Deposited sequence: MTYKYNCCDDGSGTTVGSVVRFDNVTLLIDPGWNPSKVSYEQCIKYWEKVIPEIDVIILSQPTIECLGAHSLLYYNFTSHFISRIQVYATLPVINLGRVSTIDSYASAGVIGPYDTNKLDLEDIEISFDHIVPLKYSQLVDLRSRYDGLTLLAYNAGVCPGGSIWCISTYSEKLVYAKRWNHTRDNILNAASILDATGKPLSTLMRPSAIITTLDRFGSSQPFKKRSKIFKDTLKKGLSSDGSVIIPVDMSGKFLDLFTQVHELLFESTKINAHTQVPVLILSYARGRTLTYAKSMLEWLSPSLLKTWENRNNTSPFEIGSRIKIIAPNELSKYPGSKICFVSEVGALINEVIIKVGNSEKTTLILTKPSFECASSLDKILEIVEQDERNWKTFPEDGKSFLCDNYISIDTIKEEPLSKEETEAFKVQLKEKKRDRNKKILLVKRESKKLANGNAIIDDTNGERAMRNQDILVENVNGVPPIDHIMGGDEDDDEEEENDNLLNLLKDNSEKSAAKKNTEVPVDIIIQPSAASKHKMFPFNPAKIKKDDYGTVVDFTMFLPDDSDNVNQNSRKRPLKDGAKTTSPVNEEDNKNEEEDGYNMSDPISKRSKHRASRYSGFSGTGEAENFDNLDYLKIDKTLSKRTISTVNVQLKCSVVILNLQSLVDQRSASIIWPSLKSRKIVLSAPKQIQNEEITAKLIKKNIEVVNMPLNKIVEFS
């Protein structure tokens, strides 16, 4: 009969949250944060006037763009959580969310033994420990306390635990989907929207409105095809003294791709390096969440010995950048796409011609260097290795002893404070790229065509898009507006009454 919607903006000009106001409930969906864009202080000042109004929080992806602000919110507004706010999320979103948060807060210096420390590692753990864990289809009955509020999570297929939310009240009903993959990938099943007959899920059928976005899409090619293309780029990358560097989101593409390079290695030594502030935790967590991955993947690896999809003999090595030297020749390197790490790696291996940079997506929000590297390639005229011959400005960190006045695979004590603090002194450096660069679209997201076809399969009158209009695909909007669907292009930070 009437409810309010609001796309939160902390100053980065993008949506860092969706607020839904129903008669007696105010829910916050996906409070994101991008440290490289908004500072810790600006982040706080933004949410300060928002938190006291929030009742329920829900997370739909383990990515910082969906849950990046949670630990900072929990730490800075603890009283509001201990008193009423309840955070709900899928198990994997909780667990990988704690790895994406660590890497992100670490890179930006929010946590760690630095003069800029704002909170501690144990603070991130405590924040996620307090999230109410869910399984897909597990009903969150809040009908008595919040006038018929029911929240249901379904498989969205982007990250393990990724989800699509079915929000309801005795009258209104919203289908939320920030990110979803219509097709399957190496480790996840397709989104639970449509089944093995293309018939839309029972519930979710007649939504008072669909809340989503249309600014990012996967390739129009089937997964199996994209998989082969990725596998080829690896063979050529490892060719000769071939060395490969793959920037990755530890809660996103990493687990997918790891599984794929594993399906190439143990099907024919070249080590697999993992540089992440969370170190080995992403692999551990993954090993304990098998019931969330597709059965196909699991059986594919069962047929072998008691081999997990996340283990490769004595291959895997968990190391830091100042240890890249130890591995001379061929080597596949997964680097957490966080600026503090990415930048140190490009500086150490970008000058070599025996290096092949594999970029899996259109842009990188936490690493300005990869975006700069994207422009150079796109500035020059399927899987071709563009050879670099260009200089680029890159910021580098040198940890200096804190004199400016102080007054095993999962172990992260190095991020805790003991007695050795230091300041991160930044300096801009120049690097001449001679490495090779490959650009693919391996994003486990729904392609443009499918989106315009599936979304209407729900007898929904409205589809609401977030963030600013400028990123919302004008193209697909037409098709939808054509198919008698009202499309509301949301503004930033402005409540909007719907019916």
query: Deposited sequence positions missing from the model - stretches, numbered from 1, in order; finding: 269-275, 389-396, 423-625
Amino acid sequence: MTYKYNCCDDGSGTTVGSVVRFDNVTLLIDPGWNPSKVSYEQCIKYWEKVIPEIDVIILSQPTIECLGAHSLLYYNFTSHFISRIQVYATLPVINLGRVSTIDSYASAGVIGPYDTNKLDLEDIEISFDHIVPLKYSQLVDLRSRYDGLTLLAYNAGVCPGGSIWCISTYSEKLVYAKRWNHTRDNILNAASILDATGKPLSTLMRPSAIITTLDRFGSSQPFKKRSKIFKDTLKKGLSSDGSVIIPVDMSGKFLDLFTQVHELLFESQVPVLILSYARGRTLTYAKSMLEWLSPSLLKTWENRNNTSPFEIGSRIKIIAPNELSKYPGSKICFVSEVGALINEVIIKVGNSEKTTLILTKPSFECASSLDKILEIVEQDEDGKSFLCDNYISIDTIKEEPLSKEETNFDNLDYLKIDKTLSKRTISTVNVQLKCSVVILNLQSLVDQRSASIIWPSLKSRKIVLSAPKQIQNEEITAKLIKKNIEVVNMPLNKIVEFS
From here on, numbers count along this sequence of modelled residues.
property	result
Mean temperature factor over C-alpha atoms, higher-scoring stretch between 243-251 and 323-331	323-331
58-66 or 458-466, whichever carries the higher mean Cα B-factor	458-466
Among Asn34, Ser450, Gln42, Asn430 - the residue whose C-alpha B-factor is largest in the record	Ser450
Peak C-alpha temperature factor (PDB record), options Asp371, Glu125, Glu344, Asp232	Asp232
Cα B factor band for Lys228 (lowest, middle or highest third within the chain)	highest
Chain thirds of CA B-factor: placement of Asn489	highest
Where the record places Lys199 (Cα B-factor, split into thirds across the chain)	highest
Chain thirds of CA B-factor: placement of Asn24	middle
Assigned third (lowest, middle, highest) for the C-alpha B factor of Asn186	middle
